[PDB]
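In what follows, a single structure is set out as structure tokens and then discussed.
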Amino acid sequence: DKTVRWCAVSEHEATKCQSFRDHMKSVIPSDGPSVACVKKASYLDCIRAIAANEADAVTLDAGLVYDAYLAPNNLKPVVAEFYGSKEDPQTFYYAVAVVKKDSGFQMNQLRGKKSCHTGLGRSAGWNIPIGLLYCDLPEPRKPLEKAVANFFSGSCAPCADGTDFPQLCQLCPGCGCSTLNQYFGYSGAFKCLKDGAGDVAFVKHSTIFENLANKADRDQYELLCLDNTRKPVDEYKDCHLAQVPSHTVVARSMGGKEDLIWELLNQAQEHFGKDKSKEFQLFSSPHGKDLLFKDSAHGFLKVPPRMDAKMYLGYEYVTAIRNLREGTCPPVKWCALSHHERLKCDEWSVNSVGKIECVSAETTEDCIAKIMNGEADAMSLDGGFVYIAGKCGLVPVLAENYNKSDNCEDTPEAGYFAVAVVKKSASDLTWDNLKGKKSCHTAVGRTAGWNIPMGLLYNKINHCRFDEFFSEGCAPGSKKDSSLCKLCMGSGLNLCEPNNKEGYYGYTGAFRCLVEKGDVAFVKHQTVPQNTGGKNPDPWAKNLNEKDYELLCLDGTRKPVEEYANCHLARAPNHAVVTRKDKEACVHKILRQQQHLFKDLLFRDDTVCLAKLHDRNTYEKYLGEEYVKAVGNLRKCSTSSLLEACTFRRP
Amino acid sequence: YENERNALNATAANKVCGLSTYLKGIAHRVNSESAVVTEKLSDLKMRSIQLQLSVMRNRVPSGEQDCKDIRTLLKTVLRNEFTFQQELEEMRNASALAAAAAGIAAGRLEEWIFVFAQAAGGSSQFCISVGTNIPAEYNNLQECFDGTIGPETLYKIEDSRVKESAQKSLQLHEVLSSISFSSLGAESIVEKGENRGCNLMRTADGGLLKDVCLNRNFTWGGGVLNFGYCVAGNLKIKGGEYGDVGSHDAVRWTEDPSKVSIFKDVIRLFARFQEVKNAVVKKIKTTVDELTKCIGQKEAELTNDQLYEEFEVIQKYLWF
Amino acid sequence: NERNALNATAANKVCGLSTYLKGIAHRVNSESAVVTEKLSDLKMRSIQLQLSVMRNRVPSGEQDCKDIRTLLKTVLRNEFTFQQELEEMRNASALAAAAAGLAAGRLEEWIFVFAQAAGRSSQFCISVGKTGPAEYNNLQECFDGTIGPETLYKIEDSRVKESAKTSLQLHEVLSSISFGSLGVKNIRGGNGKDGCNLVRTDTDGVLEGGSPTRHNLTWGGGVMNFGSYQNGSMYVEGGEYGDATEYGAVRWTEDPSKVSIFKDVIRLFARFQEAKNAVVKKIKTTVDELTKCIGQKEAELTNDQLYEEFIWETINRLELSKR
Ligand SMILES: *[C@@H]1O[C@H](CO)[C@@H](O[C@@H]2O[C@H](CO)[C@@H](O[C@H]3O[C@H](CO)[C@@H](O)[C@H](O)[C@@H]3O)[C@H](O)[C@H]2NC(C)=O)[C@H](O)[C@H]1NC(C)=O
Ligand SMILES: *[C@@H]1O[C@H](CO)[C@@H](O[C@@H]2O[C@H](CO)[C@@H](O[C@H]3O[C@H](CO)[C@@H](O)[C@H](O)[C@@H]3O)[C@H](O)[C@H]2NC(C)=O)[C@H](O)[C@H]1NC(C)=O
Ligand SMILES: *[C@@H]1O[C@H](CO)[C@@H](O[C@@H]2O[C@H](CO)[C@@H](O)[C@H](O)[C@H]2NC(C)=O)[C@H](O)[C@H]1NC(C)=O
Ligand SMILES: *[C@@H]1O[C@H](CO)[C@@H](O)[C@H](O)[C@H]1NC(C)=O
Ligand SMILES: *[C@@H]1O[C@H](CO)[C@@H](O)[C@H](O)[C@H]1NC(C)=O
Ligand SMILES: *[C@@H]1O[C@H](CO)[C@@H](O)[C@H](O)[C@H]1NC(C)=O
Ligand SMILES: *[C@@H]1O[C@H](CO)[C@@H](O)[C@H](O)[C@H]1NC(C)=O
Ligand SMILES: [Fe+3]
């Protein structure tokens, strides 16, 4: 039905909930959502009740959100609590490692330093740092307290037994578990650093701003990043240990009332939320503090559906908790686009003799997600997907070079050219005269095929309905019920699919679309010469010649295919190999090693070699300021469920 | 870590196949052991024809060790001609059953491993491993296959090694113990700490079922490999049986193969055959021992070939 | 794409075949018990004839009773040959039994793996029409009680013993699992969303993040044949082991006699049966020669009175020669 069974861990929580139901009944109609309450002994009994279809929802902190996603519970984040304004909601906190400016040590040099922790068993002060530094700790790593004591040369971990672990109280004798201990909590951990007792403070991004009001005073502090570098305290979003969700509503992955909980909680925040009713308060109660939801909350936000607990919690948080729970301590997995790429990848796996391994996914964004969580390590991407992948935390390590060079490996290229290809016969066509005509795109989200012509179109029509602008066409990845899937050649299910199962996917595929169905194709400058003049042995291409095709110039002009240099839509960034930040060196090493040893499957078939990157090891740096700005302009018209999810963590 | 899908070690796979071909050899084993009894019986028929010739000479040793009653001697001789074949039927009835029951166990184990061996894909993902990014092939799985992995490459009951496995002097109890948890070792069963994508060994969501944990416990073999209703990630193998899987986490490899469903009947029915075989053999022994003390030395030193020529002579004489 | 399952009727017919193969052990035993009855009867008749010879009651030969001298010589030597032929027959009886056992074990493991692969939210690998999971109530040819290793049928279980008693022949039972006899209606079942991975060879099916491309997965010995990229939709076509394609339908056996595991069963059961019939014919012919020259007096004599009067006579004729 339309009732949501809410879980309460205490008697005072169960009564606030009866009040929640009663007040909801008094404002929502019969057809709409309703509340009902269930009482359980602890948070774990609540996670269990949901999994056992007894209850439906409960709000949890990140640590329990991890336990809830684990089997046999298999729960997931559905709704999130936000703090502060609606414009800038503060859904997550950043766990940071604060140090003093000029102390000259990195993350890998923490052994033998003096540490300041909020408290033993605390999230930002203990579980996250000690989780990440787990393998840097001396053996035996059990008891964990003993190992931490022998790693650092003196610590302050309040709430720890100083009788057993005296090195853990060296900076705050007794490890007092109250605010009476000057070095207790976030403020105290910062004070431990400020007073020069410790060298590093494991706190939140906010802690420095909560303890130092002057910008000049804060300037004398830096943060330790996982890449073994330092950054200013105001650069926490670029330099942190983990990104942690504050308070999350959870429900079953399958058979969980995800939409019914959202509807109920969206209606609830509108009627009894922050500054709404004097009658009932969702984030306050006389029976106690933080009952059902944190009193500090300003309301709720829907969790993007593509978002799974692992991605939601982030790689860093997950890795920290896995290390602590498991205690598990001591090649590149290449992601393949459908069975065609996988077949090639397999040959590469055996030939490289256990240097490169494979994983398959049907879409490029499914592969980016695999890289993100850890299922895969690296894959070669088109510029448009480097933007999405980069916004998801990944980094480029090698660039695809296409021009014939002496030392290809160390000679960077400005990029290829995005062109609008027409037939010489269709002389009526002009760059401006494309309204109501047939288009042929490589795929949606691609550089030459989508991002460049649709970006130049959006800057003119000032609207996102591209299916209205064109009569029909083929843009693999588009909604199967759109006019932009009507000219596709994929067999049943395979129609408008963003892989080689769809015959009009890619540079060659979009060219095939122009010849057989469409009247305009969006591809790279070298697509027409690579397929014409018999160069492509395929029946459709065998008898085609480049003399019969023209280019659409931005000034409503037409020029031959060879005259691409002065008749291109925009310069396109070369395809680059992306990876997880914490893999750069090994991917770079094995790929260079591999490159010297050994359709456009895995990489573009016109790749002469894989070239080194220097200062450009970020998506903004690689793609350039111009491309990023142009892709950013299309964010309003985005269809990517992955991009929507990645930007929920870092907009 | 949790998305971790371990593979079975080739060594563990071979040991299961090893037992499997021994079980296929139980048919030949019963046949060989049954054949000995008939040899021991043939000797009894030859020695009783030796007695009948001594009865006819009236030159039956006058052994006071009860050769005086000619009547009961010959009565038991004729009785034997019938009493033995119906007890020999009893042992063959048990031989067929043990042979079949064993065959069932063999097939159960074979299907399991063979399916795991076929669930291999070019590189990185497979169910039987060798440590490399390449799945185990027929050269690694020498006890399972006689060449390229397929249905016709598995060993048949009349095949080469099945027959030589039947003369290995290994007793059932020993071969069974070989696949126990102790005899294999936790490490040598499953390739832990490696994601080889084998869904056949995951009861949790995205394993046997794509969205949910199983409603029940699961078993490969007949209780050899056992799983809880929601086994994910790093396989926590411990020694135990289908009944020993109390948690959702639990992975249990057999410690006492006699507790395993499929082996129970093999053990039982091979024991039946042996029990009978040995009771028939003692019956022949006690009979041979009682007849021999009555055979005359002239007929005793008589060779099998001329023994049958001479029998015919007095036989045809007395008839007329 | 649709996510279907193996229907309970297909599972039940495969199980049925498996219990018939387990029955073969009992079938060879019954058939061999028939032979030893006939062979004992032959040994009875030879004593009866020997008694008639000594009592001179062998009828005025209408048939060849005049040369009992040679027709007894041959009988005492034929009695010996049949005992060696019996053992050759029994040798085959144990091999037939074992081979059938193998075939039954292989099938049992297959169906049992599908039967256990069942969870909540209408997610399963064996269906009862367009729903499931199928429980022990459905799948009664497979199980005794709730699905488990201990509820599968065993060789001495009543079901296997009673199946051995039927007049059904191997070929009939083998055909009951063919694609023709079963049909697409009886093979594919379930809702379009039962999430059964055992029946999917495409990425995230049998293997996670890959497909079994090295081998064309076959359940049974080539009963249910998969390729490398099957949806899990349970799209079925008739075909044999080599017939499965990458993007094609699952190939269900058209002719079960062509399947690996049934190959030795057909062969070894036939070997037994041929050897059985041959021995039975031989015993018949020799008994038919004997029953002619016995006489009603000696013919009526059986068991303990036979031996008693045969020894009575042998002792008498021996005292006759002694004088
Ligand atoms: C993907 O899953 C699909 C169902 O979810 C499945 O669709 C099946 O496609 C076949 C195509 O051959 C259809 O069969 C048709 O083929 C015969 C050929 O003799 C025609 O005469 C008929 O029109 C017949 O319908 C199936 O009907 C269809 N299945 C269903 C249940 O609709 C795909 O095959 C799966 N893909 C792979 C690679 O397994
Ligand atoms: C029933 O099958 C029995 C085996 O399952 C078989 O027993 C074995 O008989 C063979 C001969 O048939 C003996 O082998 C001897 O002869 C071969 C001749 O080529 C030699 O190569 C061998 O070295 C050996 O000397 C086996 O020794 C014997 N096994 C035992 C343990 O006695 C029976 O003979 C079969 N019975 C019938 C009637 O078919
Ligand atoms: C041999 O196995 C058979 C069963 O297959 C046992 O029983 C004989 O066969 C059928 C079984 O239904 C009965 O009708 C017969 O009367 C049984 N006896 C004979 C002599 O045919 C058989 O008894 C088992 N062996 C022994 C010696 O017990
Ligand atoms: C069996 O298991 C693994 C398989 O990768 C490996 O360690 C080895 O082959 C076997 N065990 C040992 C310790 O030899
Ligand atoms: C095996 O799984 C079943 C089904 O969930 C469970 O009830 C049972 O307790 C487990 N086995 C044993 C003997 O504990
Ligand atoms: C199996 O198939 C038949 C025919 O489709 C039908 O009875 C049903 O769909 C399935 N279930 C049973 C009970 O046989
Ligand atoms: C079946 O397996 C063989 C293995 O060599 C091969 O022909 C192919 O991979 C599979 N499919 C077809 C179409 O035969
Ligand atoms: Fe491109």
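Order determines the names: the first chain of the structure tokens is A, the second B, and so forth; residues in each chain are numbered 1 upward, and ligands are numbered 1 upward as they are shown.
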Could you give me the residues within 12 Å of ligand 1, counting only C-alpha atoms and all ligand atoms, as a PyMOL selection string? (chain A and resi 339+491-494+501) or (chain C and resi 1-5+184-185+188-195+199-203+205+226-238+244-251)
Give the residues close to ligand 2, within 12 Å, counting only C-alpha atoms and all ligand atoms; write them as a PyMOL selection string. (chain B and resi 24-40+92+95+99+157-158+162-169) or (chain C and resi 81-95+271-272+275)
Would you mind exporting N, CA and C atoms of the selected residues as a compact mmCIF listing (two decimals), in the first residue's frame?
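Final output, selection_1.txt:
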```txt
# COMPACT_ATOMS: atom_id res chain seq x y z
N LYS B 24 33.71 -44.66 -10.61
CA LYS B 24 33.36 -45.25 -11.92
C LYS B 24 34.00 -46.67 -12.04
N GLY B 25 35.11 -46.87 -11.31
CA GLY B 25 35.88 -48.10 -11.28
C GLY B 25 35.32 -49.16 -10.35
N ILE B 26 34.35 -48.78 -9.49
CA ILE B 26 33.73 -49.72 -8.54
C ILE B 26 33.03 -50.87 -9.31
N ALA B 27 32.48 -50.58 -10.51
CA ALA B 27 31.88 -51.60 -11.38
C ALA B 27 32.90 -52.70 -11.71
N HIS B 28 34.07 -52.32 -12.22
CA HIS B 28 35.13 -53.27 -12.54
C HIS B 28 35.63 -54.00 -11.26
N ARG B 29 35.73 -53.27 -10.11
CA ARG B 29 36.18 -53.79 -8.80
C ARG B 29 35.32 -54.91 -8.30
N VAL B 30 33.97 -54.75 -8.38
CA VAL B 30 33.02 -55.77 -7.94
C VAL B 30 33.15 -56.96 -8.85
N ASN B 31 33.30 -56.72 -10.17
CA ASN B 31 33.45 -57.76 -11.18
C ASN B 31 34.69 -58.64 -10.92
N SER B 32 35.84 -58.00 -10.60
CA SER B 32 37.12 -58.67 -10.31
C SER B 32 37.01 -59.52 -9.06
N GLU B 33 36.53 -58.92 -7.97
CA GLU B 33 36.34 -59.56 -6.66
C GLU B 33 35.31 -60.68 -6.73
N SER B 34 34.26 -60.55 -7.59
CA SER B 34 33.22 -61.56 -7.80
C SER B 34 33.81 -62.74 -8.53
N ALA B 35 34.74 -62.46 -9.47
CA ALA B 35 35.42 -63.43 -10.29
C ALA B 35 36.30 -64.35 -9.46
N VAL B 36 36.87 -63.83 -8.37
CA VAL B 36 37.70 -64.64 -7.48
C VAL B 36 36.88 -65.72 -6.84
N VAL B 37 35.67 -65.36 -6.38
CA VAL B 37 34.71 -66.27 -5.73
C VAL B 37 34.36 -67.44 -6.64
N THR B 38 34.13 -67.15 -7.93
CA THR B 38 33.79 -68.17 -8.91
C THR B 38 35.00 -69.06 -9.19
N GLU B 39 36.24 -68.54 -9.07
CA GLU B 39 37.44 -69.35 -9.20
C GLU B 39 37.52 -70.33 -8.02
N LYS B 40 37.23 -69.84 -6.79
CA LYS B 40 37.21 -70.61 -5.55
C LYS B 40 36.09 -71.64 -5.59
N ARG B 92 25.82 -60.87 -6.23
CA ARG B 92 25.77 -60.15 -7.50
C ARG B 92 24.69 -59.09 -7.45
N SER B 95 26.37 -56.39 -5.84
CA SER B 95 27.44 -55.87 -6.70
C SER B 95 26.91 -54.82 -7.70
N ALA B 99 27.78 -50.85 -7.56
CA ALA B 99 28.30 -50.33 -8.82
C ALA B 99 27.49 -49.11 -9.31
N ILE B 157 32.82 -45.04 -18.10
CA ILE B 157 33.09 -46.18 -17.21
C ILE B 157 34.01 -47.23 -17.92
N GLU B 158 33.92 -47.38 -19.25
CA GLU B 158 34.77 -48.34 -19.94
C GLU B 158 36.13 -47.73 -20.37
N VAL B 162 39.74 -45.46 -15.85
CA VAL B 162 38.69 -45.98 -14.96
C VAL B 162 39.04 -47.42 -14.57
N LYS B 163 39.45 -48.22 -15.58
CA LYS B 163 39.85 -49.61 -15.44
C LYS B 163 41.13 -49.75 -14.59
N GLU B 164 42.13 -48.87 -14.79
CA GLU B 164 43.37 -48.99 -14.01
C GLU B 164 43.21 -48.44 -12.60
N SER B 165 42.24 -47.54 -12.40
CA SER B 165 41.90 -47.02 -11.08
C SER B 165 41.27 -48.16 -10.24
N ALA B 166 40.54 -49.09 -10.89
CA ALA B 166 39.91 -50.24 -10.24
C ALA B 166 40.93 -51.25 -9.66
N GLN B 167 42.21 -51.18 -10.07
CA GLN B 167 43.25 -52.08 -9.56
C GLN B 167 44.34 -51.33 -8.79
N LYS B 168 43.97 -50.16 -8.23
CA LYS B 168 44.86 -49.26 -7.49
C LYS B 168 45.13 -49.65 -6.02
N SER B 169 44.52 -50.76 -5.52
CA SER B 169 44.69 -51.22 -4.11
C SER B 169 44.20 -50.20 -3.04
N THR C 81 29.45 -74.69 -19.50
CA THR C 81 29.62 -73.55 -20.40
C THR C 81 28.69 -72.40 -20.02
N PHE C 82 27.42 -72.73 -19.69
CA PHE C 82 26.39 -71.77 -19.29
C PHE C 82 26.81 -71.01 -18.04
N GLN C 83 27.55 -71.68 -17.12
CA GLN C 83 28.08 -71.05 -15.91
C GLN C 83 29.15 -69.99 -16.24
N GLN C 84 29.95 -70.20 -17.31
CA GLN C 84 30.93 -69.21 -17.76
C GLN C 84 30.26 -68.06 -18.50
N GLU C 85 29.19 -68.36 -19.25
CA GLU C 85 28.41 -67.38 -20.01
C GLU C 85 27.59 -66.50 -19.08
N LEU C 86 27.15 -67.08 -17.95
CA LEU C 86 26.40 -66.41 -16.89
C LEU C 86 27.23 -65.28 -16.31
N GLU C 87 28.51 -65.58 -16.04
CA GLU C 87 29.44 -64.65 -15.44
C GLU C 87 29.84 -63.52 -16.39
N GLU C 88 29.87 -63.80 -17.71
CA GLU C 88 30.15 -62.81 -18.75
C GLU C 88 28.98 -61.84 -18.78
N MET C 89 27.75 -62.38 -18.57
CA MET C 89 26.47 -61.66 -18.56
C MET C 89 26.37 -60.74 -17.34
N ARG C 90 26.78 -61.26 -16.17
CA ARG C 90 26.77 -60.54 -14.90
C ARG C 90 27.77 -59.43 -14.89
N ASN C 91 28.92 -59.64 -15.55
CA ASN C 91 29.97 -58.64 -15.72
C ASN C 91 29.36 -57.38 -16.37
N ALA C 92 28.60 -57.61 -17.46
CA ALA C 92 27.87 -56.61 -18.23
C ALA C 92 26.77 -56.00 -17.40
N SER C 93 26.09 -56.81 -16.54
CA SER C 93 25.01 -56.33 -15.66
C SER C 93 25.50 -55.23 -14.69
N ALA C 94 26.72 -55.38 -14.14
CA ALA C 94 27.31 -54.39 -13.23
C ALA C 94 27.75 -53.13 -13.98
N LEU C 95 28.26 -53.28 -15.23
CA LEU C 95 28.72 -52.15 -16.04
C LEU C 95 27.53 -51.33 -16.50
N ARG C 271 24.39 -54.70 -24.34
CA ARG C 271 25.41 -55.75 -24.15
C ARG C 271 24.88 -56.82 -23.18
N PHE C 272 24.33 -56.37 -22.03
CA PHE C 272 23.73 -57.23 -21.03
C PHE C 272 22.56 -58.00 -21.66
N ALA C 275 23.41 -60.67 -24.24
CA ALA C 275 24.04 -61.79 -23.52
C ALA C 275 22.99 -62.60 -22.73
```
Pick out the residues sitting within 7 Å of residue 155 in chain C, and hand them over as a PyMOL selection string; count only C-alpha atoms, and ignore anything fewer than 4 positions along from it in its own chain. (chain B and resi 101) or (chain C and resi 22+160)
Enumerate residues in contact with ligand 5: an atom-to-atom distance of at most 9 Å, counting only C-alpha atoms and all ligand atoms. Format the result as a list in words. residues 214, 215, 216, 217, 218, 227, 228, 229, 241, 242, 243, 244, 245, 246, 247 and 248 of chain B
I need the helix (DSSP H, G or I) residues of range 28-113 of chain A per DSSP on the backbone, written as a PyMOL selection string. chain A and resi 43-51+62-69+107-109
Please dump the current selection as an mmCIF file, in the first residue's frame; keep N, CA and C atoms.
```cif
data_model
loop_
_atom_site.group_PDB
_atom_site.id
_atom_site.type_symbol
_atom_site.label_atom_id
_atom_site.label_comp_id
_atom_site.auth_asym_id
_atom_site.auth_seq_id
_atom_site.Cartn_x
_atom_site.Cartn_y
_atom_site.Cartn_z
ATOM 1 N N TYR A 43 20.006 0.209 16.341
ATOM 2 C CA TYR A 43 20.051 0.494 14.909
ATOM 3 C C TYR A 43 20.211 -0.769 14.083
ATOM 4 N N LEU A 44 20.945 -1.762 14.613
ATOM 5 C CA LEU A 44 21.177 -3.025 13.916
ATOM 6 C C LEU A 44 19.912 -3.849 13.806
ATOM 7 N N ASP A 45 19.046 -3.779 14.840
ATOM 8 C CA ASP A 45 17.774 -4.487 14.845
ATOM 9 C C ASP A 45 16.806 -3.830 13.885
ATOM 10 N N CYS A 46 17.007 -2.528 13.624
ATOM 11 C CA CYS A 46 16.230 -1.753 12.664
ATOM 12 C C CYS A 46 16.609 -2.135 11.241
ATOM 13 N N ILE A 47 17.942 -2.240 10.952
ATOM 14 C CA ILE A 47 18.508 -2.620 9.650
ATOM 15 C C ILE A 47 17.992 -3.998 9.319
ATOM 16 N N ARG A 48 17.984 -4.878 10.338
ATOM 17 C CA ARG A 48 17.495 -6.254 10.246
ATOM 18 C C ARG A 48 15.983 -6.336 9.956
ATOM 19 N N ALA A 49 15.159 -5.532 10.689
ATOM 20 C CA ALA A 49 13.703 -5.466 10.504
ATOM 21 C C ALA A 49 13.331 -5.066 9.064
ATOM 22 N N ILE A 50 14.038 -4.061 8.471
ATOM 23 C CA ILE A 50 13.811 -3.613 7.088
ATOM 24 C C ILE A 50 14.074 -4.750 6.110
ATOM 25 N N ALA A 51 15.246 -5.407 6.243
ATOM 26 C CA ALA A 51 15.690 -6.529 5.415
ATOM 27 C C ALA A 51 14.702 -7.677 5.485
ATOM 28 N N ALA A 62 26.773 7.296 8.383
ATOM 29 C CA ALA A 62 27.596 6.609 7.381
ATOM 30 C C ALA A 62 28.145 5.235 7.771
ATOM 31 N N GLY A 63 28.572 5.090 9.022
ATOM 32 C CA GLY A 63 29.119 3.845 9.546
ATOM 33 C C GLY A 63 28.118 2.715 9.529
ATOM 34 N N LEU A 64 26.862 3.029 9.873
ATOM 35 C CA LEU A 64 25.790 2.045 9.860
ATOM 36 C C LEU A 64 25.198 1.871 8.452
ATOM 37 N N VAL A 65 25.299 2.917 7.604
ATOM 38 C CA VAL A 65 24.899 2.913 6.196
ATOM 39 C C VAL A 65 25.778 1.902 5.442
ATOM 40 N N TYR A 66 27.042 1.725 5.886
ATOM 41 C CA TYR A 66 27.942 0.722 5.329
ATOM 42 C C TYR A 66 27.436 -0.661 5.746
ATOM 43 N N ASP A 67 27.220 -0.888 7.064
ATOM 44 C CA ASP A 67 26.716 -2.153 7.622
ATOM 45 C C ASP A 67 25.387 -2.561 6.995
ATOM 46 N N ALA A 68 24.537 -1.569 6.662
ATOM 47 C CA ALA A 68 23.239 -1.799 6.047
ATOM 48 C C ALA A 68 23.392 -2.258 4.598
ATOM 49 N N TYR A 69 24.415 -1.759 3.863
ATOM 50 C CA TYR A 69 24.555 -2.185 2.483
ATOM 51 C C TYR A 69 25.105 -3.563 2.376
ATOM 52 N N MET A 107 51.644 12.344 3.791
ATOM 53 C CA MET A 107 50.789 11.276 4.297
ATOM 54 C C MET A 107 51.569 9.982 4.539
ATOM 55 N N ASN A 108 52.498 9.643 3.630
ATOM 56 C CA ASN A 108 53.319 8.432 3.717
ATOM 57 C C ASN A 108 54.433 8.521 4.782
ATOM 58 N N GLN A 109 54.658 9.733 5.339
ATOM 59 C CA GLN A 109 55.677 10.018 6.354
ATOM 60 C C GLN A 109 55.094 10.188 7.764
#
```
Sorted by chain and rising residue number, which residues of chain A lie within 12 Å of chain B, and what are their closest atom pairs and distances in Å to one decimal, counting only C-alpha atoms, as a Markdown table?
```
| residue | atom | partner | partner_atom | distance |
| --- | --- | --- | --- | --- |
| A:51 | CA | B:212 | CA | 10.8 |
| A:52 | CA | B:215 | CA | 11.8 |
| A:66 | CA | B:2 | CA | 11.4 |
| A:67 | CA | B:2 | CA | 11.7 |
| A:69 | CA | B:2 | CA | 10.2 |
| A:70 | CA | B:2 | CA | 7.7 |
| A:71 | CA | B:230 | CA | 6.5 |
| A:72 | CA | B:230 | CA | 5.7 |
| A:73 | CA | B:213 | CA | 9.3 |
| A:74 | CA | B:205 | CA | 8.4 |
| A:75 | CA | B:212 | CA | 11.3 |
| A:252 | CA | B:212 | CA | 10.4 |
| A:253 | CA | B:211 | CA | 8.2 |
| A:254 | CA | B:211 | CA | 6.9 |
| A:255 | CA | B:211 | CA | 10.0 |
| A:310 | CA | B:2 | CA | 10.5 |
| A:318 | CA | B:1 | CA | 10.1 |
| A:319 | CA | B:1 | CA | 9.5 |
| A:321 | CA | B:1 | CA | 11.2 |
| A:322 | CA | B:1 | CA | 7.7 |
| A:323 | CA | B:1 | CA | 10.0 |
| A:325 | CA | B:1 | CA | 10.9 |
| A:326 | CA | B:1 | CA | 8.8 |
| A:327 | CA | B:1 | CA | 11.4 |
| A:328 | CA | B:193 | CA | 8.6 |
| A:329 | CA | B:193 | CA | 10.3 |
| A:330 | CA | B:193 | CA | 10.7 |
| A:331 | CA | B:133 | CA | 9.6 |
| A:332 | CA | B:124 | CA | 11.0 |
| A:333 | CA | B:124 | CA | 8.7 |
| A:334 | CA | B:124 | CA | 10.4 |
| A:335 | CA | B:124 | CA | 11.5 |
| A:339 | CA | B:121 | CA | 11.4 |
| A:342 | CA | B:122 | CA | 9.1 |
| A:343 | CA | B:122 | CA | 8.1 |
| A:344 | CA | B:122 | CA | 10.3 |
| A:345 | CA | B:123 | CA | 8.9 |
| A:346 | CA | B:123 | CA | 5.8 |
| A:347 | CA | B:122 | CA | 8.2 |
| A:348 | CA | B:123 | CA | 9.6 |
| A:349 | CA | B:123 | CA | 6.6 |
| A:350 | CA | B:123 | CA | 7.3 |
| A:351 | CA | B:123 | CA | 10.9 |
| A:352 | CA | B:133 | CA | 10.7 |
| A:353 | CA | B:133 | CA | 8.3 |
| A:354 | CA | B:133 | CA | 5.8 |
| A:355 | CA | B:133 | CA | 9.0 |
| A:356 | CA | B:133 | CA | 8.9 |
| A:357 | CA | B:124 | CA | 5.7 |
| A:358 | CA | B:124 | CA | 5.9 |
| A:359 | CA | B:124 | CA | 7.6 |
| A:360 | CA | B:125 | CA | 10.3 |
| A:370 | CA | B:3 | CA | 11.3 |
| A:373 | CA | B:3 | CA | 10.3 |
| A:374 | CA | B:1 | CA | 9.6 |
| A:375 | CA | B:3 | CA | 8.2 |
| A:376 | CA | B:195 | CA | 11.0 |
```
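Atom to atom, CA of residue 206 in chain C and CA of residue 361 in chain A stand 14.9 Å apart.
Of the listed residues C:75, C:217, C:290, C:283, the one whose atoms come nearest to chain B is C:217, with distances taken using only C-alpha atoms.
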All residues having an atom within 12 Å of ligand 8 (only C-alpha atoms and all ligand atoms) as a ChimeraX atom specification: /A:380-386,400,415-419,441-452,505-508,510,522-527,570-576,600,603-604,606
DSSP-assigned strand (DSSP E or B) among range 102-203 of chain C, expressed as an MDAnalysis selection string: chainID C and resid 118:119 123:124 126:128 131 143 152 188:189 193 196
Separation of CA of residue 277 in chain A and CA of residue 5 in chain A, in Å? 23.3 Å
As a quick test: using only C-alpha atoms and all ligand atoms, which residues lie no more than 8 Å away from ligand 3? Give them as a count of residues only. 20
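Residue neighbourhood of residue 130 in chain A, excluding near-sequence residues (fewer than 4 positions): residues 121, 123, 124, 125, 126, 134, 135, 136, 137, 144, 145, 147, 148, 202, 320, 321, 323 and 324 of chain A, at 10 Å, using only C-alpha atoms.
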Have a look at C:256, C:209, C:239, C:220 and name the one nearest to chain A; count only C-alpha atoms. C:209
Counting only C-alpha atoms and all ligand atoms, the residue of C:182, C:44, C:98, C:71 that sits nearest ligand 6: C:182
Show which residues sit within 12 Å of residue 259 in chain A, as number ranges by chain. Count only C-alpha atoms, and ignore same-chain residues fewer than 3 positions away. A: 2-4, 32-33, 56-57, 78-79, 251-252, 255-256, 262-266, 302-305
